[PDB]
Amino acid sequence: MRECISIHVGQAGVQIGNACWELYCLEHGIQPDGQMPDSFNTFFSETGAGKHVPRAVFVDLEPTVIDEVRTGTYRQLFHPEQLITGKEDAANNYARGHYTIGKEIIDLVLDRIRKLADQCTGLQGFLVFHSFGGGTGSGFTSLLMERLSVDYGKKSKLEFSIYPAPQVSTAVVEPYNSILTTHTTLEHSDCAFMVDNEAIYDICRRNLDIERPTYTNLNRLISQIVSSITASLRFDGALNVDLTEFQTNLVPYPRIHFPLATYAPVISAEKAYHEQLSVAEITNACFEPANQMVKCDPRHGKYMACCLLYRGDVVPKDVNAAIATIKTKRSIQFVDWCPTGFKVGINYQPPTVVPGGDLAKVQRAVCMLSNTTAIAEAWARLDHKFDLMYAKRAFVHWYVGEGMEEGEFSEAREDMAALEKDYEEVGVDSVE
Amino acid sequence: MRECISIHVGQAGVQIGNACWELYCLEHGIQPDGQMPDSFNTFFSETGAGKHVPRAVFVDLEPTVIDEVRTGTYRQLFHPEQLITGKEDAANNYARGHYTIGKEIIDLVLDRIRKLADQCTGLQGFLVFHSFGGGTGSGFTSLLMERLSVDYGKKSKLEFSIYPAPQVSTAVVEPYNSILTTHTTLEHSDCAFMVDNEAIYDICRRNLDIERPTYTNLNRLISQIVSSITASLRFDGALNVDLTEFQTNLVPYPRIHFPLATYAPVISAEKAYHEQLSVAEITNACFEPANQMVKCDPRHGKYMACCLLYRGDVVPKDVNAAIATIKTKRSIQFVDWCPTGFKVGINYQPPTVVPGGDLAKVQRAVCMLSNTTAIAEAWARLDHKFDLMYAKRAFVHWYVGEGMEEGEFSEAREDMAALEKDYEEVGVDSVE
Amino acid sequence: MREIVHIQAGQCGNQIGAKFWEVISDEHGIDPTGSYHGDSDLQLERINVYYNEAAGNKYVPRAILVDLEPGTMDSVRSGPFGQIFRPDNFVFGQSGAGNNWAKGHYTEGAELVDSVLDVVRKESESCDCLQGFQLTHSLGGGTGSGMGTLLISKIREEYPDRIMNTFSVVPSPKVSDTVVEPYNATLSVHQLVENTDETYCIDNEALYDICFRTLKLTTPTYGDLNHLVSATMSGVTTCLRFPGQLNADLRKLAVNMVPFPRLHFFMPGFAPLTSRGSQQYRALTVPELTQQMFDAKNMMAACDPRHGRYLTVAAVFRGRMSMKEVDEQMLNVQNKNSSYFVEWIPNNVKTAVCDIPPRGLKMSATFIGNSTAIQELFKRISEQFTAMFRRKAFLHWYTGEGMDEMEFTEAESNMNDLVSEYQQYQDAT
Amino acid sequence: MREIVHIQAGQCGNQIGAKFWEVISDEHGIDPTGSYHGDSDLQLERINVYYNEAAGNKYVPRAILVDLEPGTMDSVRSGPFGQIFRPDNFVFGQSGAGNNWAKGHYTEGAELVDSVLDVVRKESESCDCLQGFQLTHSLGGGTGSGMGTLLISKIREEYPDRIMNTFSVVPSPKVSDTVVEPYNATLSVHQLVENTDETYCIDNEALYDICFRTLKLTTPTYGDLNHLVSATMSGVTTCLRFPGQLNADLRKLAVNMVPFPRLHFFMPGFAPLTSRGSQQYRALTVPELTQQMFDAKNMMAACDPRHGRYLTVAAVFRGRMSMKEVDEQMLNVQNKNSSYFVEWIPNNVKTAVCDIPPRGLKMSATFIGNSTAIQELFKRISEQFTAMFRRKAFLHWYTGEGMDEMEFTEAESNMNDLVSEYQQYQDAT
Ligand SMILES: Nc1nc2c(ncn2[C@@H]2O[C@H](COP(=O)(O)OP(=O)(O)OP(=O)(O)O)[C@@H](O)[C@H]2O)c(=O)[nH]1
Ligand SMILES: Nc1nc2c(ncn2[C@@H]2O[C@H](COP(=O)(O)OP(=O)(O)OP(=O)(O)O)[C@@H](O)[C@H]2O)c(=O)[nH]1
Ligand SMILES: Nc1nc2c(ncn2[C@@H]2O[C@H](COP(=O)(O)OP(=O)(O)O)[C@@H](O)[C@H]2O)c(=O)[nH]1
Ligand SMILES: Nc1nc2c(ncn2[C@@H]2O[C@H](COP(=O)(O)OP(=O)(O)O)[C@@H](O)[C@H]2O)c(=O)[nH]1
Ligand SMILES: [Mg+2]
Ligand SMILES: [Mg+2]
């Protein structure tokens, strides 16, 4: 009844959803054929037969990552008109995602969204999975978020982005694509959840004791995040939280809407024992700076709003016993104007484990969604990676020749400079 | 008891009926031998034995397409005096269909009609299947519709024409044959249903996922149209509609009687799943401009009368829930003088699937018959294709030498110009 | 029904037809004797158009083979498939035309033409409902030019409502094969414009290129050229002899392709044309057959279509194929080459699809092109005519046979009345 | 989708491609005939990029093999995997370039280039959505330099939005293989900077070291050198033909590696490269494949990267491997060699991982390096050019073929306009 559709843009967006829709089918007993041998209605529309299909739009400008879904295990699950392919990728070109190739199938994608929104009766919002590095996840998403705010406007549009790491990069023009995609998604997206690869590389090595983590394994941890956010919709909880409540509790200013996700417990099977995992133990794990999933130091900043989404065997008095200690600790400091920096959610359902997964079966979990000042250090790097490249006008002819103006980069950089001084304006205390 | 005979003119008319009478025999359990191991009386007269024959007149001026029926699967079905052949075709010559060759067997065809009309006790009207391109479907039909209005007059004569596409043509003198056949069929035919090949090429490629559609496959979709129009006669419905009701609800002016058909759902077997196909889903498919079967843009015009013919598992309250939303939508606009632009029909029987067919088994269907202003763009092309050819007097000696006057083209063009300004007179709003 | 009487004139018209009745007998499964030996009843469904049924379950070709010397008929009746013709149909003289139009049309042709038309009238009354007559001849020879165009003027007076399509081998630009071929062509085109409903200009220079370039034949004989002509000839009437999904005939190709009654001079094309090795390295699809037709190097008339505009285009296809795949490609060549088609005929592409393929092929095409590009065919001949006639060269071999100079002055003016019409509708807007 | 038309020019470009289509047919499991004989459907999933599907379940390579003498094509069509090409694609002349750029670009090249582009336009329209054209040629020869760079200037005018990557065998520092190779190189680099989106400089001296030092081959033939070139060539488009965990293509390698549109001259590298005995004594891990690339002795362009700075670096990996193990090593070489990478491009390492390994290997890498180290490649040639040109030596073999001295003055100034740009962005802060 409280339906929520999802969009998957770019190669990063599809491979995340390949783990997410793997995870959702195990939480509801759903076969890969759509079979199951009433709470699943928020993601699964029902057919006339006993077959359920997901409310998902997989879009890419190149057909390779889509065809592996079309030939993979989940061939029989997805509606084949939802698996949208272009011909040529945007190919790490924001202009090709936004002007050249993206305009060719943007009317096809909005058509598939509008067919999903008509069969939804209580549609809450959107889950856009993309990245900041690739041209599709930057250009086509920013083209798409322009169109969804025109057609809907008041729906709560959520993004789950793959933020580019400080020292770990896979593409050279990642500083170009990330600045350009944020200048457009700023006035449109309501709350964009940053996720970094290097921090999950830190977590999969240390916390999971995996020597060699794969992109299969990183997408499992992002799936546990998005499942725990929509756990209160898909299941009955002791204290529920809707997607409309997240943008209310976490976004103090319309510019600052970039929290960073954090999941706990992340332990292997050999460490599934040897600790009891109380709600005090898993909550102190989240505010520990080594366990976050964006490479930022929260001790170098201040939290503005934290959102603890518990699930499973969770006792609400022990929740308050866990949380009230953290406000006393000096390493967790808040901003002066925010005495109430907490939103707490509890679900009765534990997170299940995917077979072949690296996480272990735990009785309780927590998905921290914390908006902090410490992300301003991440944007201070990314402008510094931008200002070194753009001063020599590197790679600009790849973007000018695809329809973009050279003066548009000065618009995106000065606006990002205006976004950078917003955290400095919020991060200071109040006079008198 | 409510009998309705059908006439099939030209190679297009016969090959449509080869799928139509294939379809009717499967809806009534009729073997190709006329056997079945009381509602079929509207098309099948009964013999003394347990053998039923169709009320059909197949006429062509060349014997090739008739002899394939005489040697095909349905040899034992048809009365061999109804399979009328000439010797030489009209051969894309309207004058040879109307003056030279058509006069030779027009008295034979009217004799076979009059033998069918005598054994009908409640004869409602005619179903003339022809095309606008061929000389037989243009010349012989226009000769025939002159004679049936003389002999009957008050019977409701319906045409199912193959309208020539804007960019897809099979013959060169299609602009000549289409203008000449419409000048004659205007004052005689009560309601002529336009069908285009290029739009079914669009539907068979996109909606059916067929790479290579055949004229076998295009005639299946036209058969599903004509079956769903006569579904209310041949079967008992929750809200029935007779052929006399179609000309009443859809023809506001005696000149404008050219609706365009639209069928839904058109989905394959792999897309038979993955959607639930409500009556809300299949009704929004019809008013979508990509799913119509004449290459016209209804957003460039206004609907004058729409006729939704539902069949199968259809609930009449959900019908009103589907239809009342469409009047609110901006892309569907009506003419100012028509607040009630709808005729709704519901049958209890689902459309069955022909084995070897490309459509899938669905629980419900809809045959939209919508008269719109957007067909005036189609006639504006066809005069423009006429005015370029006729100004150089191209191909006129093929028509003058077969008995036609050169001044008769100026009569047909000025009359079509008078028909073109009729849509401009109707398409405007009312003063005060 | 719709029967066709095949007439052959000249040495060339006999050698084309002797290969043509080899193709028709292989399509219908006919033995060297005349008896049916195919597999399906579709071959005998429309057997009557090119065959009369004789007694004893044998079929004879409805063919009338005309020459003025017995040298070619003895090659026909003694070779393969020569024992299938009726010996009454071989109407040959003794004197020979002497490669002369006047000896073919006035002196030796008129001493035989009454013995031909009585065989024509015998075959025409044996037809149930006659479709029309196809004639195979040249324009460079004496019998095919003289006796051939004498047969057309006598038949059109007797049978005016029937179609009269000729397969005229038009002479070549680079080489000649006859010194007086500008005289034989221009005096025949005078007779073709008034009495033929359509005419298929084939050039031997163009078939020399197609056998060399396209088919990769280093040593092509006449039997290899005539198999390419007969593949067109059977491909024109393949929808009349077999069921198709869009049937055409000789009257559909007449009405659609002749916008003005003089301008009925066509260029044919055939596809696919592949070598022995180069056929397994190619996918036989409808977009491949389409782009093979509309270029320059597959035209059997030696003129580049890029020098002019197509007036009308017919594409008769054979074999099981899909109509959208056809109708997209017929649209596709009209969009990218909109300057190459004439503008004031919108959608100038005739489509025909026969269900029965040729023997040993999956699908095949037969191109019929009516362009202004054959004005250079008649600009060249009328230049070669006027260069010879202004010195009155070779005039006494025609003046001695009953002709005056006024016959040449009318025939040369008639061709310049024809060239000025193709130039008129090329510059037309 | 995203199909590639492979073009070969020169004797060198044919002998590379004849080994290159040996590798591609082994990766996709293709027999000598052209039929599929692999095991998985992943080989046929993206078969269409380098192959057209012919009738009878056979695949032909989408290759256009161009030469000016028939000596090399007869070696191709008679050797192994020569019966797989279409015989229409072998477009060869008779005169031969004579190891001359002017005879390859003006006189004998222009008499063949119209017969090549019609095969290019035939293969381009057979593509569904064209990705772009890859060309294999040299810069020392006459056909690969003349006819090759003539094909680029004609294609870029016809297809401007497509990528045009060339695999140019650049001449060597120590030895020459052509007396007029400073003339053939500089006149070709004039055509490469204006019409190619990227260009992979390979040197034969560098492959001589890699076969001797790294692979321990005492007697390497050309067939052993070209297997190292083709391992790079298949490794560039391996993410386009197979699923990967981070897919790249020819446009991702174009945008990431070309910071300025002239500076698109790359050096390739391949890893692993082991001997027969020395392969079981080595662990094939991602840190081993990483450190094998970024040194000097694995560069296929004969210049030490330590003399300059890497502008941009692409590392396309093959086989199942872990991304952290990749992303640590791509970081690890940037920390310890921060003076060796350019400073004002932070994080200048492009990463690509394909899931499908090469045949018989567990994992493999393909290095694409864009450094300022190839300014010494053009400092050497422009010095060898100016030494020959100031005496006007060998000028009359080009002046006699339609060229003036102004062509050399522009081409030499264009290369010194290129050397001054690599020197500009090496000293840039
Ligand atoms: N977390 C996570 N990130 C991924 C995964 N796969 C790719 N990425 C990220 O995707 C980013 C590049 O964007 P892509 O999705 O690969 O490219 P794209 O969005 O399709 O745009 P194109 O350049 O046109 O291909 C890289 O920086 C990776 O960090 C994955 O499996 N998990
Ligand atoms: N929808 C549909 N149209 C067809 C089919 N077959 C032929 N046509 C149409 O028929 C038109 C030509 O008319 P024909 O029926 O072939 O010719 P005719 O009416 O017999 O008149 P003649 O020229 O004398 O043969 C073409 O424009 C085609 O669009 C078919 O199977 N389905
Ligand atoms: N295509 C083709 N043309 C031929 C053949 N034999 C002769 N011709 C042409 O016929 C012309 C000569 O005409 P011909 O019939 O021999 O003279 P006629 O007997 O007096 O009519 C020459 O221009 C030849 O090009 C042949 O086998 N095939
Ligand atoms: N890598 C490689 N280079 C070659 C091979 N054969 C020739 N070359 C190079 O090609 C250059 C000569 O060019 P070539 O193609 O023979 O001259 P062309 O035919 O006129 O273009 C020489 O500098 C050689 O270094 C080969 O098998 N492998
Ligand atoms: Mg991608
Ligand atoms: Mg017909």
# chains A, B, ... in the order shown; residues from 1 in each chain; ligands from 1
call {"tool": "closest_atom_pairs", "arguments": {"of": "chain A", "to": "ligand 5", "cutoff": "10 Å", "atoms": "only C-alpha atoms and all ligand atoms", "output": "tab-separated table"}}
result
residue	atom	partner	partner_atom_place_in_ligand_line	distance
A:9	CA	ligand 5	1 (Mg)	8.9
A:10	CA	ligand 5	1 (Mg)	5.1
A:11	CA	ligand 5	1 (Mg)	4.1
A:12	CA	ligand 5	1 (Mg)	7.0
A:13	CA	ligand 5	1 (Mg)	9.0
A:14	CA	ligand 5	1 (Mg)	9.3
A:60	CA	ligand 5	1 (Mg)	7.2
A:61	CA	ligand 5	1 (Mg)	7.6
A:62	CA	ligand 5	1 (Mg)	6.8
A:63	CA	ligand 5	1 (Mg)	9.2
A:64	CA	ligand 5	1 (Mg)	8.6
A:65	CA	ligand 5	1 (Mg)	7.8
A:88	CA	ligand 5	1 (Mg)	9.9
A:89	CA	ligand 5	1 (Mg)	6.6
A:90	CA	ligand 5	1 (Mg)	7.6
A:91	CA	ligand 5	1 (Mg)	6.6
A:92	CA	ligand 5	1 (Mg)	7.9
A:131	CA	ligand 5	1 (Mg)	9.7
A:133	CA	ligand 5	1 (Mg)	9.4
A:134	CA	ligand 5	1 (Mg)	6.1
A:135	CA	ligand 5	1 (Mg)	7.3
A:136	CA	ligand 5	1 (Mg)	6.4
A:137	CA	ligand 5	1 (Mg)	7.9
call {"tool": "residues_near_ligand", "arguments": {"ligand": "ligand 3", "cutoff": "9 Å", "atoms": "only C-alpha atoms and all ligand atoms", "output": "ChimeraX atom specification"}}
result
/C:9-16,67-69,72,96-101,104,137-148,169-172,176-178,181,202-205,207,221-226,228-229
call {"tool": "write_last_selection", "arguments": {"atoms": "C-alpha atoms", "output": "mmCIF file, in the first residue's frame"}}
result
data_model
loop_
_atom_site.group_PDB
_atom_site.id
_atom_site.type_symbol
_atom_site.label_atom_id
_atom_site.label_comp_id
_atom_site.auth_asym_id
_atom_site.auth_seq_id
_atom_site.Cartn_x
_atom_site.Cartn_y
_atom_site.Cartn_z
ATOM 1 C CA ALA C 9 12.882 -12.835 -83.050
ATOM 2 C CA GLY C 10 16.471 -12.727 -84.219
ATOM 3 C CA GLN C 11 19.452 -14.870 -83.321
ATOM 4 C CA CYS C 12 19.645 -13.091 -79.974
ATOM 5 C CA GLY C 13 15.960 -13.526 -79.178
ATOM 6 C CA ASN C 14 16.251 -17.240 -79.808
ATOM 7 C CA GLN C 15 19.354 -17.713 -77.681
ATOM 8 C CA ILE C 16 17.786 -15.788 -74.810
ATOM 9 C CA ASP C 67 14.010 -16.170 -87.522
ATOM 10 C CA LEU C 68 14.884 -15.405 -91.121
ATOM 11 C CA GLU C 69 17.671 -17.993 -91.365
ATOM 12 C CA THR C 72 19.682 -20.600 -85.142
ATOM 13 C CA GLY C 96 18.171 -14.142 -93.745
ATOM 14 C CA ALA C 97 17.862 -10.508 -92.747
ATOM 15 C CA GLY C 98 21.474 -9.706 -93.585
ATOM 16 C CA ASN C 99 21.724 -7.643 -90.369
ATOM 17 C CA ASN C 100 19.421 -5.138 -92.053
ATOM 18 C CA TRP C 101 16.324 -3.440 -90.656
ATOM 19 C CA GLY C 104 13.689 -7.452 -91.733
ATOM 20 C CA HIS C 137 14.706 -9.527 -79.616
ATOM 21 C CA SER C 138 17.563 -7.092 -80.092
ATOM 22 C CA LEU C 139 17.839 -3.608 -81.502
ATOM 23 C CA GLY C 140 21.189 -4.080 -83.229
ATOM 24 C CA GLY C 141 20.397 -7.082 -85.401
ATOM 25 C CA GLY C 142 18.314 -7.333 -88.520
ATOM 26 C CA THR C 143 15.727 -9.966 -87.672
ATOM 27 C CA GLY C 144 15.239 -8.937 -84.049
ATOM 28 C CA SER C 145 14.978 -5.308 -85.104
ATOM 29 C CA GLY C 146 13.109 -5.716 -88.381
ATOM 30 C CA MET C 147 10.953 -8.825 -88.019
ATOM 31 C CA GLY C 148 10.495 -8.119 -84.315
ATOM 32 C CA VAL C 169 18.919 -6.008 -76.092
ATOM 33 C CA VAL C 170 20.021 -2.407 -76.679
ATOM 34 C CA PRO C 171 23.555 -1.882 -78.079
ATOM 35 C CA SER C 172 26.508 -0.985 -75.901
ATOM 36 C CA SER C 176 29.652 -2.176 -81.200
ATOM 37 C CA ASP C 177 28.613 -5.559 -82.504
ATOM 38 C CA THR C 178 27.163 -4.215 -85.766
ATOM 39 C CA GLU C 181 23.408 -0.681 -85.248
ATOM 40 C CA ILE C 202 19.338 -4.677 -71.555
ATOM 41 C CA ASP C 203 22.927 -3.935 -72.583
ATOM 42 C CA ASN C 204 25.592 -6.544 -73.237
ATOM 43 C CA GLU C 205 28.332 -4.289 -71.858
ATOM 44 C CA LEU C 207 26.216 -7.947 -68.337
ATOM 45 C CA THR C 221 29.882 -17.277 -72.450
ATOM 46 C CA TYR C 222 26.540 -16.269 -73.911
ATOM 47 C CA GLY C 223 24.909 -19.075 -71.931
ATOM 48 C CA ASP C 224 26.047 -17.350 -68.757
ATOM 49 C CA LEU C 225 24.741 -13.958 -69.885
ATOM 50 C CA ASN C 226 21.351 -15.315 -70.896
ATOM 51 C CA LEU C 228 21.008 -13.516 -66.003
ATOM 52 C CA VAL C 229 18.485 -12.214 -68.525
#
call {"tool": "atom_distance", "arguments": {"atom1": "atom CA of residue A:99", "atom2": "atom CA of residue A:59"}}
result
16.1 Å
call {"tool": "residues_around", "arguments": {"residues": "residue A:331", "least_positions_apart": "2", "cutoff": "8 Å", "atoms": "only C-alpha atoms", "output": "list in words"}}
result
residues 299, 329 and 333 of chain A
call {"tool": "select_by_dssp", "arguments": {"residues": "stretch 71-116 of chain C", "states": "alpha helix (DSSP H)", "output": "MDAnalysis selection string"}}
result
chainID C and resid 71:78 101:102 113:116
call {"tool": "interface_residues", "arguments": {"of": "chain D", "to": "chain C", "cutoff": "7 Å", "atoms": "only C-alpha atoms", "output": "PDB file with N, CA and C atoms, in the first residue's frame"}}
result
ATOM      1  N   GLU D  53      27.149 -12.225 -38.818  1.00  0.00           N
ATOM      2  CA  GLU D  53      26.614 -13.576 -38.867  1.00  0.00           C
ATOM      3  C   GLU D  53      26.177 -13.869 -40.294  1.00  0.00           C
ATOM      4  N   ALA D  54      26.831 -14.833 -40.926  1.00  0.00           N
ATOM      5  CA  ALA D  54      26.461 -15.255 -42.263  1.00  0.00           C
ATOM      6  C   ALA D  54      25.447 -16.387 -42.173  1.00  0.00           C
ATOM      7  N   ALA D  55      24.923 -16.783 -43.326  1.00  0.00           N
ATOM      8  CA  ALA D  55      23.978 -17.884 -43.370  1.00  0.00           C
ATOM      9  C   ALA D  55      24.694 -19.208 -43.142  1.00  0.00           C
ATOM     10  N   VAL D  60      31.843 -14.325 -40.315  1.00  0.00           N
ATOM     11  CA  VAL D  60      32.930 -13.748 -41.087  1.00  0.00           C
ATOM     12  C   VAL D  60      33.478 -12.561 -40.297  1.00  0.00           C
ATOM     13  N   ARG D  86      35.998 -12.623 -45.962  1.00  0.00           N
ATOM     14  CA  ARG D  86      35.219 -12.530 -47.182  1.00  0.00           C
ATOM     15  C   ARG D  86      36.156 -12.152 -48.315  1.00  0.00           C
ATOM     16  N   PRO D  87      36.063 -12.793 -49.479  1.00  0.00           N
ATOM     17  CA  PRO D  87      36.957 -12.418 -50.585  1.00  0.00           C
ATOM     18  C   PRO D  87      36.651 -11.059 -51.183  1.00  0.00           C
TER      19      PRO D  87
END
call {"tool": "residues_around", "arguments": {"residues": "stretch 61-65 of chain D", "least_positions_apart": "2", "cutoff": "7 Å", "atoms": "only C-alpha atoms", "output": "PyMOL selection string"}}
result
chain D and resi 5-9+14+50-52+59+67+85+89-91
call {"tool": "interface_residues", "arguments": {"of": "chain D", "to": "chain A", "cutoff": "9 Å", "atoms": "only C-alpha atoms", "output": "PyMOL selection string"}}
result
chain D and resi 1-2+45-46+129-131+240-261+312-314+321-325+327-328+330-331+343-352+425+428
call {"tool": "closest_residue", "arguments": {"among": "B:302, B:96, B:271, B:188", "to": "chain A", "atoms": "only C-alpha atoms"}}
result
B:271
call {"tool": "residues_around", "arguments": {"residues": "residue D:412", "least_positions_apart": "3", "cutoff": "10 Å", "atoms": "only C-alpha atoms", "output": "mmCIF file with N, CA, C and O atoms, in the first residue's frame"}}
result
data_model
loop_
_atom_site.group_PDB
_atom_site.id
_atom_site.type_symbol
_atom_site.label_atom_id
_atom_site.label_comp_id
_atom_site.auth_asym_id
_atom_site.auth_seq_id
_atom_site.Cartn_x
_atom_site.Cartn_y
_atom_site.Cartn_z
ATOM 1 N N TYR D 183 60.818 10.465 -43.256
ATOM 2 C CA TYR D 183 59.864 11.122 -44.134
ATOM 3 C C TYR D 183 58.491 10.477 -44.040
ATOM 4 O O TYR D 183 57.468 11.165 -44.107
ATOM 5 N N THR D 186 56.870 11.506 -40.340
ATOM 6 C CA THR D 186 56.484 12.891 -40.083
ATOM 7 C C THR D 186 55.316 13.309 -40.967
ATOM 8 O O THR D 186 54.435 14.063 -40.540
ATOM 9 N N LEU D 187 55.255 12.772 -42.182
ATOM 10 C CA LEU D 187 54.126 13.075 -43.051
ATOM 11 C C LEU D 187 52.874 12.322 -42.623
ATOM 12 O O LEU D 187 51.766 12.663 -43.049
ATOM 13 N N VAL D 189 52.281 11.582 -39.142
ATOM 14 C CA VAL D 189 51.913 12.181 -37.860
ATOM 15 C C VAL D 189 51.190 13.506 -38.086
ATOM 16 O O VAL D 189 50.314 13.894 -37.304
ATOM 17 N N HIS D 190 51.492 14.177 -39.203
ATOM 18 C CA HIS D 190 50.678 15.296 -39.672
ATOM 19 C C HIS D 190 49.222 14.889 -39.882
ATOM 20 O O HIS D 190 48.308 15.679 -39.629
ATOM 21 N N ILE D 381 62.689 11.636 -34.222
ATOM 22 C CA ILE D 381 62.257 11.583 -35.614
ATOM 23 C C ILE D 381 62.388 12.949 -36.268
ATOM 24 O O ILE D 381 62.866 13.061 -37.402
ATOM 25 N N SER D 382 62.032 14.014 -35.546
ATOM 26 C CA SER D 382 62.150 15.355 -36.111
ATOM 27 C C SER D 382 63.607 15.774 -36.256
ATOM 28 O O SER D 382 63.931 16.629 -37.085
ATOM 29 N N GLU D 383 64.502 15.185 -35.464
ATOM 30 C CA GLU D 383 65.925 15.400 -35.699
ATOM 31 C C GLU D 383 66.397 14.603 -36.907
ATOM 32 O O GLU D 383 67.185 15.099 -37.722
ATOM 33 N N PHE D 385 64.450 13.776 -39.321
ATOM 34 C CA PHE D 385 63.802 14.406 -40.463
ATOM 35 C C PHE D 385 64.585 15.623 -40.928
ATOM 36 O O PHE D 385 64.846 15.787 -42.124
ATOM 37 N N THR D 386 64.962 16.491 -39.989
ATOM 38 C CA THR D 386 65.572 17.768 -40.342
ATOM 39 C C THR D 386 66.989 17.565 -40.870
ATOM 40 O O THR D 386 67.473 18.338 -41.705
ATOM 41 N N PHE D 389 66.243 16.546 -44.457
ATOM 42 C CA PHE D 389 65.523 17.512 -45.277
ATOM 43 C C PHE D 389 66.372 18.740 -45.573
ATOM 44 O O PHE D 389 66.165 19.413 -46.589
ATOM 45 N N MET D 406 56.537 22.754 -49.256
ATOM 46 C CA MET D 406 55.688 23.384 -48.250
ATOM 47 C C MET D 406 54.948 22.337 -47.427
ATOM 48 O O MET D 406 54.595 22.574 -46.265
ATOM 49 N N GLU D 407 54.719 21.163 -48.017
ATOM 50 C CA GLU D 407 54.132 20.048 -47.284
ATOM 51 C C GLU D 407 55.056 19.578 -46.168
ATOM 52 O O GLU D 407 54.602 19.213 -45.079
ATOM 53 N N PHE D 408 56.364 19.607 -46.416
ATOM 54 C CA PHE D 408 57.324 19.191 -45.401
ATOM 55 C C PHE D 408 57.493 20.263 -44.340
ATOM 56 O O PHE D 408 57.718 19.959 -43.165
ATOM 57 N N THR D 409 57.408 21.528 -44.746
ATOM 58 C CA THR D 409 57.619 22.623 -43.811
ATOM 59 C C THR D 409 56.463 22.713 -42.823
ATOM 60 O O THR D 409 56.655 23.037 -41.646
ATOM 61 N N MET D 415 54.989 18.840 -36.017
ATOM 62 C CA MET D 415 55.580 17.959 -35.019
ATOM 63 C C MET D 415 56.313 18.760 -33.952
ATOM 64 O O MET D 415 56.275 18.407 -32.770
ATOM 65 N N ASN D 416 56.955 19.865 -34.336
ATOM 66 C CA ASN D 416 57.561 20.718 -33.321
ATOM 67 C C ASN D 416 56.507 21.522 -32.573
ATOM 68 O O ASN D 416 56.762 22.013 -31.468
ATOM 69 N N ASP D 417 55.318 21.672 -33.155
ATOM 70 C CA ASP D 417 54.194 22.159 -32.365
ATOM 71 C C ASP D 417 53.685 21.080 -31.423
ATOM 72 O O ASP D 417 53.042 21.382 -30.416
ATOM 73 N N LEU D 418 53.956 19.813 -31.734
ATOM 74 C CA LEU D 418 53.540 18.743 -30.837
ATOM 75 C C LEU D 418 54.557 18.520 -29.727
ATOM 76 O O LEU D 418 54.178 18.266 -28.578
#
call {"tool": "interface_residues", "arguments": {"of": "chain B", "to": "chain A", "cutoff": "8 Å", "atoms": "only C-alpha atoms", "output": "MDAnalysis selection string"}}
result
chainID B and resid 271 273:277
call {"tool": "residues_around", "arguments": {"residues": "residue A:221", "least_positions_apart": "4", "cutoff": "10 Å", "atoms": "only C-alpha atoms", "output": "ChimeraX atom specification"}}
result
/A:16,19-20,200,203-204,216-217,225-227,262-264,266,293,357-359
call {"tool": "atom_distance", "arguments": {"atom1": "atom CA of residue A:326", "atom2": "atom CA of residue A:314"}}
result
17.9 Å
